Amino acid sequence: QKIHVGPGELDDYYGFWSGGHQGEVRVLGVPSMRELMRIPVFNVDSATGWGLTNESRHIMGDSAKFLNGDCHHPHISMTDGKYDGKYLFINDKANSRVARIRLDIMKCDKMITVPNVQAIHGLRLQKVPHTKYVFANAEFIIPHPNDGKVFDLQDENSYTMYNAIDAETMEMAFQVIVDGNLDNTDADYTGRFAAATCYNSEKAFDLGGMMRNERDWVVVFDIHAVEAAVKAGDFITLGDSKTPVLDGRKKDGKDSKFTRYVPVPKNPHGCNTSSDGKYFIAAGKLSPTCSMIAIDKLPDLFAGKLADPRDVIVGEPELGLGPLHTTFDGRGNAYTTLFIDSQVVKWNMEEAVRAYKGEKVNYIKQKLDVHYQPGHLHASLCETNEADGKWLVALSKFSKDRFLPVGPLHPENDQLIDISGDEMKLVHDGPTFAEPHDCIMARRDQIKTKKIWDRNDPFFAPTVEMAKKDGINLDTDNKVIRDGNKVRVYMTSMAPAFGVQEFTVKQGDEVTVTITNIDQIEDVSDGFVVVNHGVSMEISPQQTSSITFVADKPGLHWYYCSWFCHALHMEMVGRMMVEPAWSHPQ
């Protein structure tokens, strides 16, 4: 297996890294581990204007007021248990959002603030028959309503909820109230079942309180039951949200139609569906184990055919100190991070299952040291029935001395590991900024990107409609529209000339500049910066982009093209002239 990609060779896989609390998504080539692109999501990006442009702020909605995000869990949409390359979804723990990225244009095209919850953490996608739902955990228990009269987490109306978002429309589909809280989640290979770990069955707010119970659980959701209750109108709504809300709590020990609670030690964390569809595997964290839930026993469990919820557990291998996450090679082996022991442990799932039946067998095949304190790990195509067993990335949280010193803040260490054979081999240390938690890999042939925009792309269709109200044809027009104290500049750009090279406004005018890059050539992006006004954005071929700012300073103000485009790139410039307020009314 080639590990080094020389000049002129291409990577074999795409990698999509979460940006952690930096808030973006990063596109890597694997196995070189080089960053090919950054996709802004919850961050404000100076380069492309994401968070400054009207198109990006329209997608972010009211949450455009936040300049931060905290993303952990990127996942690729699936059809019949295989990646289909349409969408990537990712969470925001900081401001309780889910974002969707279109993989053809490599941009965030949709974003939703999940109603009536705090902190979207766990996120994964339905696998079968396709990604109809995005499943997302809200991690923190809050009052309902959270109006400041009740603060107690033990009140009967304090809880968190499991969230399902319609993947295609990016509107809420339903929410399920749960006992305890929610950490990570995954889905089966049928569409009926999803599952989430819980670490706060105690509903506590202190460290000792959250660690009291010897077992918390993984809560299993019967999605067919949930959908059936929605179609029946058997639901409530919270606050001003019309989202159907179903109650998955136990009441006096009697189970809900929608959930079952499988006791699992202890503050369990990762929740990972094996690629053969046989198991939900929960990592025991404070317990030196993983618990293997047999998905084929779940129908009977929900049908009352088992006496004890623990009867769906068919394995609980002892692996080492601080198991956090598990991934799969598609050869029947699982790979789990040990945060405390600072290792990845390779183990055989079927042999673990036989040991749980008392058959003394050594299911542990290898422990590999990693550097240091691994969190997530990801094997290539592990989330699909095509899991290919070639590459493994372990994402470690302390790099210590593995890289040159760079001051008190250190990089993370995302280590590439060859698992194509019986022996795991560490091949590359990848330093990264701001804690990627998880990543996801796709084959080169599973991702198809556009090279030039379609003029009808929904990303800027609202801007096209604004232009139409002004009688503007964006592919041709270079015009300044005046409207009271609003000025709407429309121009084409064809390097090295802006189609409008100067325009005049009154001090205090609200100026919108809309630029349509009518170039037809690949890799010729234009840019637009207004000097000393905090204005910057990208305009790629056939894209329309727009930005709005106040001309608060009298005088002459230069604008220029930022994205290098030409040998005469230094000279693609223009001038905004701002007449002083004292020469105009009031």
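The first residue of the sequence shown is number 1, and the count goes up from there.
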Mean C-alpha B factor from the entry: is it higher for 510-518 or for 330-338? 330-338
349-357 set against 403-411, stretch whose average Cα temperature factor tops the other in the entry: 349-357
Which one of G499, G122, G270, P244 shows the top CA temperature factor in the record? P244
Between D418, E171, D429, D188, let me know which has the highest C-alpha B-factor in the entry? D418
In terms of the chain's CA B-factor thirds, is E383 lowest, middle or highest? middle
Modelled-residue ranking by C-alpha temperature factor, third containing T544: lowest
Among the modelled residues of this chain, does the Cα B factor of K149 put it in the lowest, middle or highest third? highest
Looking at the C-alpha B-factor of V524, is it in the lowest, middle or highest third of its chain? highest
Could you look up the Cα B-factor of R215 in the entry and say which third of the chain it sits in: lowest, middle or highest? highest
